[PDB]
Amino acid sequence: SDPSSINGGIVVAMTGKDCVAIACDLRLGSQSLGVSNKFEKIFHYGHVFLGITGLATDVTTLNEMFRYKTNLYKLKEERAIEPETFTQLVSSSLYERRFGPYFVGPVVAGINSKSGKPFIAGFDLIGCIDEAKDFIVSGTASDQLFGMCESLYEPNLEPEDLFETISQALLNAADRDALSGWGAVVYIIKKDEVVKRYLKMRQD
Amino acid sequence: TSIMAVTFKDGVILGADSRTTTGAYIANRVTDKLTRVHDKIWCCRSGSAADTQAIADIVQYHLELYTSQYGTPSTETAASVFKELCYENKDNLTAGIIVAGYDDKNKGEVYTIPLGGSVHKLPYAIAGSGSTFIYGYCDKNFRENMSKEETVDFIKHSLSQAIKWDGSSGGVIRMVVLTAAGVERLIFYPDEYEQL
Amino acid sequence: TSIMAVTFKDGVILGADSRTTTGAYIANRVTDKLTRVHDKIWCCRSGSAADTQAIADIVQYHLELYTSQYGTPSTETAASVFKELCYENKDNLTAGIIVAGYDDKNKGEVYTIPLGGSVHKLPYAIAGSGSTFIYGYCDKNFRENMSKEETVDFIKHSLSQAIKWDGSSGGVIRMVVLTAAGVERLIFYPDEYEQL
Amino acid sequence: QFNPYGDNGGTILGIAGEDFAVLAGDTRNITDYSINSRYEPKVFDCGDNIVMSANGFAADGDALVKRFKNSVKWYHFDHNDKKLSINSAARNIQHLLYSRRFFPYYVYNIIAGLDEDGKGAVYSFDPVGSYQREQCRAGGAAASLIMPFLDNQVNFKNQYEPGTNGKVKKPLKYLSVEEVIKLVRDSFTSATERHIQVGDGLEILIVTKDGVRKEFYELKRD
Amino acid sequence: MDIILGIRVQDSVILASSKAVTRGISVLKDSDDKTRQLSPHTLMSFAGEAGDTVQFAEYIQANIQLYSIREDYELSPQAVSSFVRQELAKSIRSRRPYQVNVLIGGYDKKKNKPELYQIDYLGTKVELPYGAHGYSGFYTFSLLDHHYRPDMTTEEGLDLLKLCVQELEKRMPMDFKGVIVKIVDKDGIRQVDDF
Amino acid sequence: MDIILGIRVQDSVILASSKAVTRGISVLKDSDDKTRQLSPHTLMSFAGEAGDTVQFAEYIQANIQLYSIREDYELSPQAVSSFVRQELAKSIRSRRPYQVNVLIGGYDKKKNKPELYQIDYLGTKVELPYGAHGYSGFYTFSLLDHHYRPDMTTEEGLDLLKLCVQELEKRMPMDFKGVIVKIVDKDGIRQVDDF
Amino acid sequence: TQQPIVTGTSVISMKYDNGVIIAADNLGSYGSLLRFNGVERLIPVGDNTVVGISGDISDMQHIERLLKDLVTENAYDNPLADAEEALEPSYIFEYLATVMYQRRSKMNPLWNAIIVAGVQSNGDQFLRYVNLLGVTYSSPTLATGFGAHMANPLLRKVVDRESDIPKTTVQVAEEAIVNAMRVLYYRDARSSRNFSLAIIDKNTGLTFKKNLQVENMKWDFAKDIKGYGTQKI
Amino acid sequence: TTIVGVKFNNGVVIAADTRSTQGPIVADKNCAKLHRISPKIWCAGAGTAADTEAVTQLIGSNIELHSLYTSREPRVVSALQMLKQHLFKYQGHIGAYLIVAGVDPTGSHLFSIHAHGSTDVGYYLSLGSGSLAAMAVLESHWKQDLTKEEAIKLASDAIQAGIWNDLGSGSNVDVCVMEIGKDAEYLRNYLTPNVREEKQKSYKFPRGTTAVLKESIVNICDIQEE
Amino acid sequence: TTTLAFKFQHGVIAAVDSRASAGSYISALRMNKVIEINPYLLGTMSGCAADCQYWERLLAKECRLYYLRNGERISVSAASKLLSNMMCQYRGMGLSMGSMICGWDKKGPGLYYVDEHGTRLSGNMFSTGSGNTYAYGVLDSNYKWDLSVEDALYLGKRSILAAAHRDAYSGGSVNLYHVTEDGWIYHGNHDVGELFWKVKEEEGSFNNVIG
Ligand SMILES: *[C@@]([C])([C][O])[C@](*)(=O)[C]([C]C1=[C][C]=[C][C]=[C]1)[N]C(=O)[C]([C]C1=[C][N]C2=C1[C]=[C][C]=[C]2)[N]C(=O)[C]([C])[N]C(=O)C1=C([C])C2=C([C]1)[C]=[C][C]=[C]2
Ligand SMILES: [Mg+2]
Ligand SMILES: [Mg+2]
Ligand SMILES: [Mg+2]
Ligand SMILES: [Mg+2]
Ligand SMILES: [Mg+2]
Ligand SMILES: [Mg+2]
């Protein structure tokens with residue numbers, strides 16, 4: 001019944017030294033029933049990454065909407081949108097449905113192409129921004145992720161170290177959540193290279 | 001309902017209106033709400049008439065039995081019996097009772113027992129739906145050690161105002177005077193108290 | 001809330017307490033409930049603060065526009081604007097307003113507008129949760145054509161009792177005097193009115 | 001309508017070593033958004049080298065502990081001062097809990113001690129009496145924050161040995177008391193940060209063959 | 001309606017849909033075809049609330065047929081599935097949503113690949129090798145998880161489908177009156193008349 | 001449980017009862033015998049809420065078996081049916097009633113007559129030539145009203161019963177997994193193993 | 001199950017170096033009506049304990065009687081009733097806590113919040129809370145109802161932890177309590193100006209102060225406040 | 001949340017804590033609750049966080065356009081009037097509870113605003129779950145004719161009361177001082193009394209600990225030439 | 001949960017998962033859902049964990065008392081009936097308990113399904129819990145009476161795996177039991193995480209899943 005927990009799923013993002021990481025599980029379900037193990041929840045518009053948890057129809061719908069809006073932004077501005085700007089766009093777009101909201105928990109991740117500064121942000125379903133320095137969490141295992149991230153995280157981690165930290169935070173949180181898991185993906189993001197890694201995890 | 005009990009120099013006076021309603025219909029316009037539980041211990045009843053009649057009847061029974069064994073009971077003792085009934089059966093009762101009596105030792109005493117079954121000893125007490133409208137008047141005009149005539153006027157004026165504003169209150173004003181001299185019943189009709 | 005407006009020989013006086021509650025918490029203990037809609041037309045507000053502020057602001061706007069076109073409006077006209085808002089939006093409002101003003105022709109006038117949006121012209125009016133406790137006192141002590149000092153004492157004593165019994169009422173007593181002489185604001189602190 | 005239950009917050013944590021056991025809990029007591037006490041002990045030495053904590057609704061938790069302590073007392077009277085083993089205590093507590101199957105003790109209970117072979121033991125319960133022996137368990141408000149961390153750092157879950165790439169797991173080496181206390185302090189420090197009902201103080205009870213020892217550590221008071 | 005199944009094999013997509021229609025306590029029909037051809041190489045099966053299902057399917061059919069005539073070109077199964085999803089996602093926030101779940105089986109003539117899309121009434125789209133709606137998956141997915149290969153023939157796909165229906169017929173309380181099976185491949189859409 | 005039928009012919013009573021048992025969305029058993037022998041010439045079938053049915057039937061069975069031993073005598077079907085009715089009428093005003101509907105088929109050895117009694121969970125008893133409980137009668141009574149004669153043979157009774165089950169299997173939405181048929185006559189109770 | 005009718009508001013308390021202080025106003029409210037103005041909600045038990053009660057007054061009067069009867073019963077066949085075997089604060093509290101938890105377990109609670117303040121035989125300070133649910137806790141400062149939200153913050157600035165208790169004098173503690181009572185009068189709509197205060201000291205014993213008033217109140221700044229936004233007159 | 005507003009001699013100061021929560025969980029430990037409507041008009045909000053932001057940015061936008069239209073510096077009564085009329089229109093469905101403070105050519109101002117559209121005036125105010133803890137401090141220590149330094153102290157002490165005693169409030173103290181004839185000074189993290197202590201252990205993993213199935217380069221660049 | 005049990009030529013197989021849930025939160029990864037009532041009697045657990053543990057351990061008390069009074073092991077039929085009678089006393093009081101009583105007695109191997117409604121069913125194959133539908137799918141298509149002990153153990157193991165994969169409230173590990181006329185034999189704890197990848201490779205199943 002609760003739209004934010006019908007399909008299940010989780011997203012987590014972390015900052016490091018001159019890098020950011022964002023990761024998600026691959027499960028899509030109908031409550032107890034597992035339907036897909038290939039439902040990726042992370043999208044990118046240029047070099048800005050967006051992870052979305054919650055109701056799958058709204059996840060799909062919002063991706064298509066922000067693809068729409070960022071493609072027009074780029075045609076008019078003659079440049080790719082930056083994370084700080086995209087974050088405001090997400091917040092604006094969600095609040096315009098204040099009394100009929102998308103049931104989602106979005107997470108922005110990326111590096112400013114000009115300043116080189118790593119950036120992450122989170123929102124509630126209605127657009128309130130959470131601009132944290134350390135990490136952002138979202139999904140049905142958000143409590144589990146908060147506990148893992150708060151204990152495992154330390155600032156100024158290198159890309160290959162940050163990978164291990166975010167992977168372990170996600171994996172162990174997902175293994176304590178019935179509605180998350182069935183595979184996982186981690187994006188490691190640097191100023192001019194992005195690596196994508198599929199994790200091996202228990203399939204129950 | 002508008003009921004009150006007031007202590008004064010020579011003892012205590014109970015006062016009440018005479019209206020009983022079933023919604024907006026006046027089922028009885030000459031009700032006697034001043035009820036006797038002992039020779040010189042009377043009570044004013046408010047709330048469910050069934051509940052308050054049942055209680056006062058049980059109290060009257062207890063005090064009659066007390067008297068047979070231990071002699072004349074105190075006003076405090078009577079209030080304790082009311083309380084014990086109102087408190088232990090608070091889930092199934094809707095009763096707001098004022099207890100008033102005269103001793104030669106303790107003189108005039110007034111106890112009020114609201115819904116929950118708590119007891120409060122006071123110089124004077126007011127209760128019933130019409131009491132709300134005279135809290136200010138009674139507080140401003142009450143004095144300790146008034147004369148009988150002063151106290152009768154105080155109750156008459158007070159209940160006159162309660163009747164004037166409360167639709168659930170009305171009819172005649174009944175009063176019972178409790179002194180060493182005995183027990184005096186009084187009555188005051190609309191044409192008397194309305195023009196005050 | 002405890003609010004009242006009283007006419008007298010030289011004009012009219014509005015009075016109010018200063019307590020605003022959110023349940024049992026006192027959100028504001030120095031509220032100003034005496035609000036101006038025109039130079040010498042003021043109102044006392046009761047009910048939803050949001051609703052009564054929104055209304056009085058709209059009324060102030062209408063009377064400012066009236067004045068620009070047709071000259072100084074009557075107190076009756078101001079009460080009609082309040083009424084029209086309170087009556088037509090009665091399903092979505094919880095407002096109990098007392099309107100009071102001074103003309104040189106009509107002198108001091110008082111109108112009360114309870115929940116439904118009806119209008120009642122009166123010599124004096126009381127409203128708010130604390131008014132219930134002083135219906136009897138105010139009815140007994142009000143006279144027509146009182147002096148300014150008599151009227152101030154009447155309001156002070158009345159609201160003192162309302163504050164004393166009503167938990168939703170309290171703080172300071174604010175008053176606004178409306179006469180030909182002008183507009184005088186008054187204030188009375190607890191140490192003054194509590195000992196009455 | 002009268003609600004007979006309440007929530008006094010708090011969080012508890014039990015870890016079993018090779019020859020020891022720990023039972024920790026924060027000392028904060030709360031209702032809604034207010035603090036009742038910054039130091040209200042939650043973990044108790046119940047006798048016979050057994051420690052216990054009933055977390056959730058404090059009134060029910062205090063009643064259960066009080067009843068079990070009493071059960072230990074009567075076990076000595078009835079059975080010639082025989083030592084109540086940890087497995088026997090656990091089974092006894094199941095029956096105390098299920099006596100109220102239709103008006104439950106609203107608590108998550110954990111006990112810790114040593115088994116009859118001298119090895120560290122932790123037993124965990126649900127509010128109605130289902131219990132089982134475990135190596136690691138967090139209970140209470142921040143249980144969902146802490147448990148995954150313990151799966152990772154105590155049982156080395158999702159951890160593999162470098163170079164093999166997921167073919168060979170991390171071996172399950174036992175933990176010392178010094179290493180366990182670090183995980184406990186870090187668990188509660190992390191929970192204090194992200195959970196509003198956790199903080200003020202941390203009290204740890206360590207159980208060895210030598211007896212029951214206490215350690216106290218301050219936590220953030222916001 | 002009740003049960004709709006779908007499976008994507010090597011060179012085709014197979015859709016199986018129940019034949020029963022019930023009003024009150026009476027089965028009014030035991031030969032109902034819960035499907036519409038959207039285009040020569042795209043088939044959509046459907047299940048949900050009474051009336052809404054057919055109305056929605058026919059509305060989609062009309063829109064795709066309109067596109068085909070306008071452009072003289074068949075839309076890809078992916079394009080059709082996205083169009084259908086948007087209509088359902090649009091519908092879920094309407095005054096009265098259309099309570100319809102669909103499977104879209106199509107053969108992409110450009111890529112020479114069969115494609116199966118599962119879309120529920122909320123507008124939740126997923127591409128799958130095999131799919132179902134409602135309770136159908138609870139009984140059948142364990143068999144499909146076990147037996148399914150991507151290089152299966154159409155005949156092997158039908159045999160695995162028979163096993164799924166047999167399991168449904170054994171463990172489901174409801175009598176769905178068998179299934180109509182249709183195959184979608186490079187040559188178009190055809191019905192298996194004996195099943 | 002679901003469907004229980006009964007028919008009284010010339011010289012016997014025939015009871016047909018479904019084989020299905022369902023918990024949640026899964027059919028746990030397709031060979032369940034919803035009946036108990038109360039005495040050598042008295043059979044009771046039953047249907048109602050889970051658990052209550054068997055508990056009630058076995059409780060009745062124990063009471064009749066106790067009577068048989070005590071008196072060394074078989075109670076008449078009428079006497080047994082009255083005993084059962086009273087227990088249900090007693091039950092309906094209890095704290096938690098037993099939600100069980102029954103058919104009692106018996107052969108009265110004294111009168112040399114078959115007898116069928118229908119009793120619902122309220123304690124509503126009726127003697128009938130043919131009977132059913134729940135929705136079963138909605139489908140079958142029209143056939144029985146048409147074809148039934150009182151001088152029918154046991155074989156004709158079974159053929160008419162087959163027609164009733166075929167109608168149920170066609171028009172009922174639920175799959176009740178066929179029926180177990182039992183015949184009660186002068187020689188006692190026997191089961192028709194092929195139906 | 002019931003609902004409270006006539007109620008008493010906050011009870012506040014704190015520990016200091018040689019004992020405990022407890023305070024509560026003298027009001028008995030009937031919903032929003034300030035009905036009864038002479039209600040004592042601090043009830044001494046012997047010369048070493050004071051029980052402060054908030055919530056339902058009829059249930060308070062019942063508890064008041066249980067305590068009076070407890071003293072009577074303790075004196076029975078007890079030559080040391082005014083010495084070694086006198087009632088201790090810890091005994092009185094545990095009795096009440098037992099009663100409260102039993103009544104909630106029968107779904108017929110005493111609709112109260114109680115603070116038991118006193119000094120034990122060994123001179124140790126006793127301060128413990130119990131309510132209608134049978135929930136118990138202890139702290140250097142304790143307060144019921146609104147006092148929990150407004151008084152505790154002020155009293156915790158004086159005694160923030162256990163180690164601040166020996167550093168806190170009776171003059172400082174009393175001053176903090178009296179200030180807290182003033183703040184409650186400003187901000188609690190079901191409070192009164194009149195209140196009672198009790199000090200239990202291990203040296204000077206039990207001091208029970210009646211008919212105290214909130215004084216030194218700030219109201220003058222109200223004259224300057226006009227309107228609700230834009231009004232100037 | 002704990003927020004306060006305090007008037008003084010030549011201006012007004014507001015302050016807030018820095019904890020944001022989603023239930024009993026702390027989402028952000030260093031949230032910025034002090035928002036800007038105009039350069040010298042700042043507000044702070046409790047309740048629904050998205051509503052307090054949206055309504056603040058909306059009115060701030062309209063205030064800026066108004067200021068440009070009238071060639072005048074924005075007034076606090078304008079922000080107040082625009083906010084309450086907006087909130088009243090949505091009948092409390094926009095859960096914005098704000099303390100609004102600022103300086104303008106008329107002088108210094110301090111208002112509170114509730115979600116249904118009611119406004120209040122005061123010399124000292126408090127809002128949020130920690131409002132009672134803060135108000136106890138304000139009622140104890142506030143006086144007439146405060147100085148700038150006394151008012152900042154009173155304000156931050158009031159916020160601290162909320163931090164320590166209210167579970168909905170915590171972490172740091174933000175302050176903004178608006179003095180007449182001066183630029184407003186925003187003091188982000190004016191106080192930092194809740195720094196996390198050093199952890200006992202480092203949880204940095206050995207490289208290779210996590211099992212991996214597939215690696216791939218993600219193309220974030222546009223389509224290339226040649 | 002997911003549990004199953006079935007009779008076959010060489011006795012009865014019993015297989016269960018080990019997960020426990022409190023909403024979406026996985027409260028336990030490794031719970032024993034089998035009770036060893038006696039050397040020839042087993043009991044599976046599904047539903048309220050507390051109810052399952054209390055009543056099945058109370059059954060074991062009552063089954064032990066039977067042996068002492070009669071000098072003979074209780075039958076599977078009688079044991080299942082005692083349990084179903086316990087359920088009938090707390091009829092409508094809110095218990096939640098689904099169990100299979102597995103064992104070997106004089107009639108040979110025995111298997112009974114019992115639930116909180118007092119239902120008692122005899123049969124060759126049963127499966128209970130949130131993931132029973134997934135297990136039935138594998139069982140029904142692969143079950144025979146002529147199964148070897150090795151193949152039968154694998155079937156029950158593979159059937160739980162199917163459920164653990166699809167059902168969100170089933171998983172953790174698999175516990176296997178084989179009941180013979182010499183008593184039950186425990187065939188170990190099998191982590192689903194490791195078992196899944198192993199079965200995927202060796203069997204070729206779960207082709208859709210990537211690994
Ligand atoms: C499936 C995992 C879930 O349906 C299975 O049914 C298990 C069966 C099981 C049997 C024996 C032992 C353990 C599990 N059921 C549960 O896990 C039940 C499901 C359930 C939750 N609420 C509920 C259920 C069933 C029927 C009515 C209501 N889950 C539980 O019993 C929950 C309450 N228990 C726990 O989360 C905890 C357990 C057990 C446990 C905890 C928590 C802590 C310490 C020890 C044990
Ligand atoms: Mg999982
Ligand atoms: Mg699973
Ligand atoms: Mg307006
Ligand atoms: Mg007052
Ligand atoms: Mg904390
Ligand atoms: Mg879908």
# chains A, B, ... in the order shown; residues from 1 in each chain; ligands from 1
$ interface_residues --of "chain G" --to "chain D" --cutoff "9 Å" --atoms "only C-alpha atoms" --output "ChimeraX atom specification"
/G:1-3,101,104-105,107-109,132-143,148-149,161
$ residues_around --residues "region 150-167 of chain A" --least-positions-apart "6" --cutoff "6 Å" --atoms "only C-alpha atoms" --output "compact mmCIF listing (two decimals) with C-alpha atoms, in the first residue's frame"
# COMPACT_ATOMS: atom_id res chain seq x y z
CA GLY A 16 36.00 11.34 -1.68
CA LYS A 17 39.21 13.13 -2.62
CA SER D 190 27.62 6.00 15.12
CA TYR H 203 37.27 0.72 8.78
$ residues_near_ligand --ligand "ligand 1" --cutoff "9 Å" --atoms "only C-alpha atoms and all ligand atoms" --output "PyMOL selection string"
(chain D and resi 108-110+123-134+137-139) or (chain I and resi 1-3+17-23+25-28+30-34+44-53+94-98+128-131+168-171)
$ select_by_dssp --residues "region 43-185 of chain G" --states "strand (DSSP E)" --output "ChimeraX atom specification"
/G:43-44,49-56,112-119,125-131,136-138,141-143
$ write_last_selection --atoms "N, CA and C atoms" --output "compact mmCIF listing (two decimals), in the first residue's frame"
# COMPACT_ATOMS: atom_id res chain seq x y z
N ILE G 43 2.51 16.15 49.22
CA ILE G 43 2.03 15.44 50.40
C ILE G 43 3.20 14.79 51.15
N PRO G 44 3.53 15.34 52.34
CA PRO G 44 4.60 14.80 53.15
C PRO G 44 4.25 13.44 53.75
N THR G 49 10.21 12.55 53.55
CA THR G 49 9.69 12.27 52.22
C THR G 49 8.57 13.24 51.87
N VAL G 50 8.55 13.68 50.62
CA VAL G 50 7.43 14.45 50.08
C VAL G 50 7.07 13.89 48.71
N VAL G 51 5.80 13.54 48.54
CA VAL G 51 5.30 13.01 47.29
C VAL G 51 4.57 14.12 46.55
N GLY G 52 5.05 14.45 45.35
CA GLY G 52 4.42 15.46 44.51
C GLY G 52 3.64 14.77 43.41
N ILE G 53 2.38 15.16 43.24
CA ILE G 53 1.50 14.47 42.29
C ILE G 53 0.84 15.44 41.32
N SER G 54 0.86 15.07 40.04
CA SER G 54 0.14 15.78 39.00
C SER G 54 -0.87 14.82 38.37
N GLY G 55 -1.79 15.37 37.58
CA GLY G 55 -2.81 14.57 36.92
C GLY G 55 -4.14 14.62 37.65
N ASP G 56 -4.89 13.53 37.58
CA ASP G 56 -6.24 13.48 38.14
C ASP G 56 -6.25 13.66 39.66
N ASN G 112 -2.06 9.66 36.86
CA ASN G 112 -1.15 10.56 37.56
C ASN G 112 0.28 10.45 37.07
N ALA G 113 1.05 11.48 37.41
CA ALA G 113 2.50 11.45 37.29
C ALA G 113 3.03 11.88 38.64
N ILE G 114 3.88 11.04 39.23
CA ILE G 114 4.31 11.22 40.61
C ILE G 114 5.82 11.37 40.69
N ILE G 115 6.26 12.28 41.56
CA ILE G 115 7.66 12.40 41.91
C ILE G 115 7.80 12.24 43.42
N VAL G 116 8.62 11.28 43.83
CA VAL G 116 8.89 11.04 45.23
C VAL G 116 10.24 11.64 45.55
N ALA G 117 10.24 12.66 46.41
CA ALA G 117 11.46 13.34 46.81
C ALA G 117 11.70 13.10 48.30
N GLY G 118 12.94 12.80 48.66
CA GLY G 118 13.28 12.61 50.06
C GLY G 118 14.75 12.36 50.32
N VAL G 119 15.07 12.13 51.59
CA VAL G 119 16.42 11.82 52.03
C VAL G 119 16.40 10.51 52.81
N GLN G 125 20.40 11.33 48.82
CA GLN G 125 19.25 12.00 48.23
C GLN G 125 18.45 11.00 47.42
N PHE G 126 17.13 11.10 47.51
CA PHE G 126 16.24 10.25 46.72
C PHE G 126 15.33 11.12 45.86
N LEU G 127 15.32 10.82 44.56
CA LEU G 127 14.45 11.53 43.63
C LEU G 127 14.10 10.61 42.48
N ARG G 128 12.85 10.15 42.44
CA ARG G 128 12.42 9.23 41.41
C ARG G 128 11.00 9.52 40.94
N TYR G 129 10.76 9.23 39.67
CA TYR G 129 9.50 9.55 38.99
C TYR G 129 8.76 8.25 38.69
N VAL G 130 7.43 8.32 38.71
CA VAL G 130 6.60 7.22 38.25
C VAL G 130 5.28 7.78 37.74
N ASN G 131 4.70 7.13 36.73
CA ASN G 131 3.46 7.60 36.13
C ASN G 131 2.41 6.50 35.92
N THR G 136 9.26 4.23 35.33
CA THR G 136 10.06 4.84 36.38
C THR G 136 11.41 5.29 35.86
N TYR G 137 11.85 6.44 36.36
CA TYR G 137 13.21 6.90 36.10
C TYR G 137 13.65 7.89 37.16
N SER G 138 14.97 8.05 37.27
CA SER G 138 15.57 8.98 38.21
C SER G 138 16.57 9.87 37.48
N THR G 141 17.45 16.25 38.11
CA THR G 141 16.24 17.07 38.02
C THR G 141 15.11 16.22 37.47
N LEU G 142 13.92 16.42 38.01
CA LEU G 142 12.73 15.74 37.51
C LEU G 142 11.57 16.71 37.46
N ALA G 143 10.72 16.54 36.46
CA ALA G 143 9.54 17.38 36.31
C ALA G 143 8.46 16.67 35.50
$ residues_near_ligand --ligand "ligand 3" --cutoff "10 Å" --atoms "only C-alpha atoms and all ligand atoms" --output "ChimeraX atom specification"
/A:32-34,175,177-182,202-204 /I:1-2,17,19,131,161-172,192
$ closest_atom_pairs --of "chain C" --to "ligand 5" --cutoff "6 Å" --atoms "only C-alpha atoms and all ligand atoms" --output "JSON lines"
{"residue": "C:163", "atom": "CA", "partner": "ligand 5", "partner_atom_place_in_ligand_line": "1 (Mg)", "distance": 4.3}
{"residue": "C:164", "atom": "CA", "partner": "ligand 5", "partner_atom_place_in_ligand_line": "1 (Mg)", "distance": 5.1}
{"residue": "C:166", "atom": "CA", "partner": "ligand 5", "partner_atom_place_in_ligand_line": "1 (Mg)", "distance": 5.2}
{"residue": "C:167", "atom": "CA", "partner": "ligand 5", "partner_atom_place_in_ligand_line": "1 (Mg)", "distance": 4.3}
{"residue": "C:169", "atom": "CA", "partner": "ligand 5", "partner_atom_place_in_ligand_line": "1 (Mg)", "distance": 4.9}
{"residue": "C:170", "atom": "CA", "partner": "ligand 5", "partner_atom_place_in_ligand_line": "1 (Mg)", "distance": 4.3}
$ residues_around --residues "residue 185 (chain D)" --least-positions-apart "6" --cutoff "12 Å" --atoms "only C-alpha atoms" --output "MDAnalysis selection string"
(chainID A and resid 151) or (chainID D and resid 12:13 22:26 146 178:179 191:192 199 201:204 215:219) or (chainID H and resid 197:201)
$ residues_near_ligand --ligand "ligand 4" --cutoff "6 Å" --atoms "only C-alpha atoms and all ligand atoms" --output "list in words"
residues 54, 55, 57 and 58 of chain C; 85 of chain H
$ select_by_dssp --residues "region 91-159 of chain I" --states "helix (DSSP H, G or I)" --output "ChimeraX atom specification"
/I:132-142,149-159
$ residues_around --residues "residue 132 (chain B)" --least-positions-apart "2" --cutoff "8 Å" --atoms "only C-alpha atoms" --output "list in words"
residues 127, 128, 129, 130, 134, 135 and 162 of chain B; 132 and 133 of chain C
$ residues_around --residues "residue 18 (chain F)" --least-positions-apart "5" --cutoff "6 Å" --atoms "only C-alpha atoms" --output "MDAnalysis selection string"
chainID F and resid 3 176 178:179
$ write_last_selection --atoms "N, CA, C and O atoms" --output "compact mmCIF listing (two decimals), in the first residue's frame"
# COMPACT_ATOMS: atom_id res chain seq x y z
N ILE F 3 -18.01 -27.53 -1.96
CA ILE F 3 -19.27 -28.12 -2.47
C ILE F 3 -19.57 -29.51 -1.89
O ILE F 3 -18.73 -30.41 -1.91
N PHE F 176 -12.82 -27.10 -7.76
CA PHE F 176 -13.01 -27.89 -6.53
C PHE F 176 -12.40 -29.30 -6.63
O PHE F 176 -12.57 -30.11 -5.71
N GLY F 178 -12.90 -32.07 -8.52
CA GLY F 178 -13.77 -33.25 -8.59
C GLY F 178 -14.39 -33.59 -7.25
O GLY F 178 -14.22 -32.87 -6.27
N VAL F 179 -15.11 -34.71 -7.20
CA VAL F 179 -15.82 -35.13 -5.99
C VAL F 179 -15.58 -36.59 -5.64
O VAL F 179 -15.34 -37.42 -6.51
$ residues_near_ligand --ligand "ligand 6" --cutoff "6 Å" --atoms "only C-alpha atoms and all ligand atoms" --output "number ranges by chain"
D: 192-193, 195-199, 222
$ write_last_selection --atoms "C-alpha atoms" --output "tab-separated table (two decimals), in the first residue's frame"
chain	number	residue	atom	x	y	z
D	192	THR	CA	24.26	8.43	18.66
D	193	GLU	CA	25.00	10.55	15.56
D	195	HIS	CA	19.50	8.37	16.03
D	196	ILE	CA	17.89	10.99	18.29
D	197	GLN	CA	16.88	8.50	21.02
D	198	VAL	CA	20.49	7.30	21.46
D	199	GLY	CA	23.14	9.23	23.43
D	222	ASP	CA	22.28	16.44	22.02
$ residues_around --residues "residue 164 (chain E)" --least-positions-apart "5" --cutoff "12 Å" --atoms "only C-alpha atoms" --output "VMD selection string"
(chain E and resid 3 to 7 16 130 to 132 136 to 148 157 to 159 169 to 172 178 to 179) or (chain I and resid 134 136 to 138 140 to 141)
$ closest_residue --among "G:6, G:45, G:199, G:217" --to "chain C" --atoms "only C-alpha atoms"
G:217
$ closest_atom_pairs --of "region 16-58 of chain F" --to "region 90-93 of chain I" --cutoff "12 Å" --atoms "only C-alpha atoms" --output "CSV"
residue,atom,partner,partner_atom,distance
F:49,CA,I:92,CA,11.9
F:50,CA,I:91,CA,11.0
F:51,CA,I:91,CA,9.4
F:52,CA,I:91,CA,9.4
F:55,CA,I:91,CA,11.6
